[PDB]
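Residue numbers (the authors' numbering): 1 to 45. Built from N, CA and C at the ideal position, the CB exists for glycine as well.
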Amino acid sequence: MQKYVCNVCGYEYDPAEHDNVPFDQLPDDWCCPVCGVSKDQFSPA
Ligand code: NI
Numbered sequence: 001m002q003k004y005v006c007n008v009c010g011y012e013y014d015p016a017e018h019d020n021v022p023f024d025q026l027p028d029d030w031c032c033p034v035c036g037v038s039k040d041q042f043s044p045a
């Protein structure tokens with residue numbers, strides 16, 4: 001499934017580590033656990 005990376009802190013969202021929930025299905029207000037930015041600051045990787 002599609003991995004996403006934080007444009008500020010490079011935190012990797014790997015769906016394998018998040019219950020195989022796709023990034024686009026995470027609640028809208030989900031934030032980067034490191035730098036606190038919103039999902040719109042993530043790029044596919
Ligand atoms: Ni971040």
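Beta-carbon spacing of residue i, residue j below 7 Å
| i | j | result |
| --- | --- | --- |
| residue 33 | residue 4 | no |
| residue 27 | residue 1 | no |
| residue 35 | residue 8 | yes |
Heavy atom of the ligand NI within 6 Å of residue i beta-carbon
| i | result |
| --- | --- |
| residue 4 | no |
| residue 35 | yes |
Segment limits, beta strand (DSSP E) that includes residue i
| i | result |
| --- | --- |
| residue 42 | 42 to 44 |
| residue 11 | Here residue 11 belongs to no beta strand (DSSP E), and DSSP marks it neither H nor E. |
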